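Engineer: My structure is below; once you've seen it, I'll send some questions.
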Amino acid sequence: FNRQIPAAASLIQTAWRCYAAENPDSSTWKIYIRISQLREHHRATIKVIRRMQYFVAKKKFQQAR
Amino acid sequence: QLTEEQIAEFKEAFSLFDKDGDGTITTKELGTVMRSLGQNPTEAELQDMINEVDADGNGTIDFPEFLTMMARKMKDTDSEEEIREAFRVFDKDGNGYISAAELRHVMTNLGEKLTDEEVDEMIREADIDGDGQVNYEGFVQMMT
Ligand SMILES: [Ca+2]
Ligand SMILES: [Ca+2]
């Protein structure tokens with residue numbers, strides 16, 4: 001009932017994760033538990049992936065509208 | 001719009017996905033990066049990611065496409081309204097406002113499921129007045 005709810009949340013969540021990752025001391029950087037010392041090459045790939053995931057969540061939100 | 005330094009950081013970013021160095025990023029290259037970060041994507045996730053960036057349709061991403069993506073001004077690019085429309089899904093009044101508690105529920109328990117630490121920053125930056133009701137149209141402007 002209302003598939004717009006998961007897509008809505010995911011669009012906001014990805015938009016904010018993309019925004020917060022511009023601050024390199026954000027708590028959003030703590031979620032990669034499986035990496036020991038977050039180096040700067042991790043951060044460059046993480047920001048690309050987050051941008052890619054935001055554009056996907058944008059797509060699936062538009063699709064549910 | 002784009003510095004010579006921004007393009008260079010983007011080229012270094014492109015190099016970290018293009019392991020083989022052929023100048024394109026395949027879905028399998030992206031899955032290797034994502035698993036190195038502790039993610040476990042499926043082939044369809046990776047294809048969804050690639051199809052949003054691939055402009056010609058070959059199923060792989062070259063540096064012009066990667067740069068087009070990384071430099072898309074996600075702020076005025078009609079994105080503000082879709083995030084509003086996203087927030088409106090949970091605004092059961094038209095209030096333009098959403099309780100901090102409702103927000104924490106939706107953010108922590110649905111969709112991507114954010115961490116409680118992450119929902120602290122979000123709620124903290126967005127509750128301008130500090131009474132437990134955030135107005136999402138101001139938060140939208142802040143993210144953009
Ligand atoms: Ca390659
Ligand atoms: Ca291509």
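In the structure tokens, each chain is lettered A, B, ... as it comes, each chain's residues begin at 1, and ligands are numbered from 1 in order of appearance.
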So that each row is one residue of chain B with an atom at most 7 Å from ligand 2, can you give its shortest atom pair and the distance in Å to one decimal, using only C-alpha atoms and all ligand atoms, rows by chain and rising number, as JSON lines?
Structural biologist:
```
{"residue": "B:54", "atom": "CA", "partner": "ligand 2", "partner_atom_place_in_ligand_line": "1 (Ca)", "distance": 4.8}
{"residue": "B:55", "atom": "CA", "partner": "ligand 2", "partner_atom_place_in_ligand_line": "1 (Ca)", "distance": 5.8}
{"residue": "B:56", "atom": "CA", "partner": "ligand 2", "partner_atom_place_in_ligand_line": "1 (Ca)", "distance": 5.2}
{"residue": "B:57", "atom": "CA", "partner": "ligand 2", "partner_atom_place_in_ligand_line": "1 (Ca)", "distance": 6.0}
{"residue": "B:58", "atom": "CA", "partner": "ligand 2", "partner_atom_place_in_ligand_line": "1 (Ca)", "distance": 5.2}
{"residue": "B:59", "atom": "CA", "partner": "ligand 2", "partner_atom_place_in_ligand_line": "1 (Ca)", "distance": 6.2}
{"residue": "B:60", "atom": "CA", "partner": "ligand 2", "partner_atom_place_in_ligand_line": "1 (Ca)", "distance": 4.8}
{"residue": "B:61", "atom": "CA", "partner": "ligand 2", "partner_atom_place_in_ligand_line": "1 (Ca)", "distance": 4.3}
{"residue": "B:62", "atom": "CA", "partner": "ligand 2", "partner_atom_place_in_ligand_line": "1 (Ca)", "distance": 5.2}
{"residue": "B:65", "atom": "CA", "partner": "ligand 2", "partner_atom_place_in_ligand_line": "1 (Ca)", "distance": 6.6}
```
Engineer: Those residues you just picked out, can you put them in a file as a compact mmCIF listing (two decimals), in the first residue's frame with N, CA and C atoms?
Structural biologist:
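File produced: result-v3.txt:
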```txt
# COMPACT_ATOMS: atom_id res chain seq x y z
N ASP B 54 25.50 6.18 -17.77
CA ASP B 54 25.83 5.89 -19.16
C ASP B 54 24.92 6.69 -20.10
N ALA B 55 25.52 7.56 -20.92
CA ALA B 55 24.75 8.44 -21.79
C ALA B 55 24.55 7.89 -23.20
N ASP B 56 25.51 7.13 -23.74
CA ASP B 56 25.35 6.62 -25.10
C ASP B 56 24.63 5.27 -25.16
N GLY B 57 24.71 4.48 -24.09
CA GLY B 57 23.96 3.24 -24.02
C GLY B 57 24.77 1.98 -24.10
N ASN B 58 26.09 2.08 -24.09
CA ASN B 58 26.96 0.91 -24.24
C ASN B 58 27.02 0.03 -23.00
N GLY B 59 26.50 0.49 -21.86
CA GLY B 59 26.58 -0.27 -20.63
C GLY B 59 27.87 -0.11 -19.87
N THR B 60 28.74 0.81 -20.28
CA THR B 60 29.95 1.15 -19.54
C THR B 60 30.10 2.68 -19.51
N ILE B 61 30.84 3.18 -18.52
CA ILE B 61 30.96 4.62 -18.27
C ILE B 61 32.38 5.08 -18.62
N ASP B 62 32.49 6.03 -19.55
CA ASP B 62 33.78 6.65 -19.87
C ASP B 62 33.94 7.94 -19.06
N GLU B 65 31.37 10.84 -19.44
CA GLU B 65 30.10 10.56 -18.77
C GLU B 65 30.23 10.68 -17.25
```
Engineer: Find the residues near ligand 1. Use a cut-off of 9 Å, count only C-alpha atoms and all ligand atoms, and write them as a PyMOL selection string.
Structural biologist: chain B and resi 15+17-26+28-29+60-62
Engineer: Hey, what's within 9 Å of residue 83 of chain B if we count only C-alpha atoms and toss same-chain stuff fewer than 6 positions away? As number ranges by chain, please?
Structural biologist: A: 8, 11-12, 15, 58; B: 137, 140
Engineer: Selected residues, N, CA and C atoms, written as a compact mmCIF listing (two decimals), in the first residue's frame, please.
Structural biologist:
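Wrote selection13.txt, looks like this:
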```
# COMPACT_ATOMS: atom_id res chain seq x y z
N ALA A 8 10.31 7.43 -1.37
CA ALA A 8 10.42 8.76 -0.80
C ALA A 8 11.54 8.81 0.23
N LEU A 11 14.97 8.55 -1.30
CA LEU A 11 15.43 9.72 -2.03
C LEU A 11 15.99 10.75 -1.06
N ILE A 12 15.31 10.91 0.07
CA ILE A 12 15.78 11.84 1.08
C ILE A 12 17.06 11.32 1.70
N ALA A 15 19.89 11.74 -0.75
CA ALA A 15 20.24 13.14 -0.95
C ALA A 15 21.02 13.66 0.24
N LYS A 58 16.47 8.94 -7.03
CA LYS A 58 15.69 9.90 -7.79
C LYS A 58 14.85 9.19 -8.86
N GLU B 137 11.13 22.36 3.92
CA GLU B 137 11.46 23.24 2.80
C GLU B 137 12.69 24.09 3.08
N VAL B 140 15.57 21.40 2.72
CA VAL B 140 15.83 21.21 1.30
C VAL B 140 16.79 22.28 0.79
```
Engineer: Please identify which residues in segment 15-84 of chain B DSSP calls strand (DSSP E or B) from the backbone, and express them as number ranges by chain.
Structural biologist: B: 24-25, 61-62
Engineer: Counting only C-alpha atoms, what is within 8 Å of segment 43-50 of chain A, bar same-chain residues fewer than 2 positions away, as a ChimeraX atom specification?
Structural biologist: /A:14,17-18,21,38-41,52-54 /B:13,16-17,33-34,37,70
Engineer: Quick check: residues of chain B within 7 Å of chain A, only C-alpha atoms, returned as an mmCIF file with N, CA and C atoms, in the first residue's frame.
Structural biologist:
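And here's result.cif as it stands now:
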```
data_model
loop_
_atom_site.group_PDB
_atom_site.id
_atom_site.type_symbol
_atom_site.label_atom_id
_atom_site.label_comp_id
_atom_site.auth_asym_id
_atom_site.auth_seq_id
_atom_site.Cartn_x
_atom_site.Cartn_y
_atom_site.Cartn_z
ATOM 1 N N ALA B 13 39.550 10.149 -9.201
ATOM 2 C CA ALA B 13 38.413 9.311 -8.814
ATOM 3 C C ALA B 13 38.062 8.303 -9.905
ATOM 4 N N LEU B 37 34.475 -1.512 0.011
ATOM 5 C CA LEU B 37 33.954 -0.641 1.055
ATOM 6 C C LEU B 37 33.031 -1.371 2.017
ATOM 7 N N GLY B 38 32.964 -2.699 1.925
ATOM 8 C CA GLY B 38 32.061 -3.482 2.740
ATOM 9 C C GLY B 38 30.641 -3.543 2.234
ATOM 10 N N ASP B 48 21.579 -0.696 -12.359
ATOM 11 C CA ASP B 48 20.844 0.545 -12.106
ATOM 12 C C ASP B 48 21.796 1.725 -11.945
ATOM 13 N N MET B 49 22.904 1.519 -11.217
ATOM 14 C CA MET B 49 23.874 2.593 -11.026
ATOM 15 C C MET B 49 24.453 3.026 -12.359
ATOM 16 N N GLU B 52 22.046 5.011 -14.994
ATOM 17 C CA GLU B 52 21.821 6.411 -14.680
ATOM 18 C C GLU B 52 22.958 7.309 -15.170
ATOM 19 N N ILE B 83 12.720 16.366 -3.889
ATOM 20 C CA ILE B 83 12.955 16.135 -2.466
ATOM 21 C C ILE B 83 11.797 16.690 -1.631
ATOM 22 N N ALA B 86 9.182 14.311 -1.962
ATOM 23 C CA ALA B 86 9.527 13.181 -1.108
ATOM 24 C C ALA B 86 9.132 13.463 0.333
ATOM 25 N N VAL B 89 5.342 13.198 1.176
ATOM 26 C CA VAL B 89 4.775 11.865 1.385
ATOM 27 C C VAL B 89 4.504 11.596 2.863
ATOM 28 N N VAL B 106 11.088 7.407 10.216
ATOM 29 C CA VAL B 106 11.135 7.163 8.775
ATOM 30 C C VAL B 106 12.577 6.968 8.301
ATOM 31 N N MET B 107 13.513 7.769 8.825
ATOM 32 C CA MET B 107 14.897 7.727 8.354
ATOM 33 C C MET B 107 15.639 6.487 8.845
ATOM 34 N N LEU B 110 13.062 2.913 7.529
ATOM 35 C CA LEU B 110 12.646 2.659 6.157
ATOM 36 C C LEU B 110 13.795 2.930 5.193
ATOM 37 N N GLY B 111 13.556 2.581 3.930
ATOM 38 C CA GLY B 111 14.496 2.883 2.858
ATOM 39 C C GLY B 111 15.911 2.420 3.149
ATOM 40 N N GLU B 112 16.864 3.352 3.015
ATOM 41 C CA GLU B 112 18.276 3.039 3.213
ATOM 42 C C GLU B 112 18.625 2.742 4.665
ATOM 43 N N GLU B 117 23.347 7.882 14.729
ATOM 44 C CA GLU B 117 24.254 9.030 14.706
ATOM 45 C C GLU B 117 23.942 9.944 13.527
ATOM 46 N N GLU B 118 23.675 9.357 12.356
ATOM 47 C CA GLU B 118 23.351 10.169 11.188
ATOM 48 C C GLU B 118 22.049 10.934 11.386
ATOM 49 N N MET B 143 20.358 21.612 2.025
ATOM 50 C CA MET B 143 21.083 20.594 1.276
ATOM 51 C C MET B 143 21.476 21.063 -0.120
#
```
Engineer: Quick check for you: according to DSSP on this backbone, which residues of segment 22-143 of chain B are classed as alpha helix (DSSP H)? Reply as a ChimeraX atom specification.
Structural biologist: /B:27-36,43-53,63-70,79-88,100-109,116-126,136-143
Engineer: Any idea what the distance is between atom CA of residue 108 of chain B and atom CA of residue 64 of chain A?
Structural biologist: 21.4 Å
Engineer: To one decimal in Å, tell me the separation between atom CA of residue 67 of chain B and atom CA of residue 7 of chain B.
Structural biologist: 7.6 Å
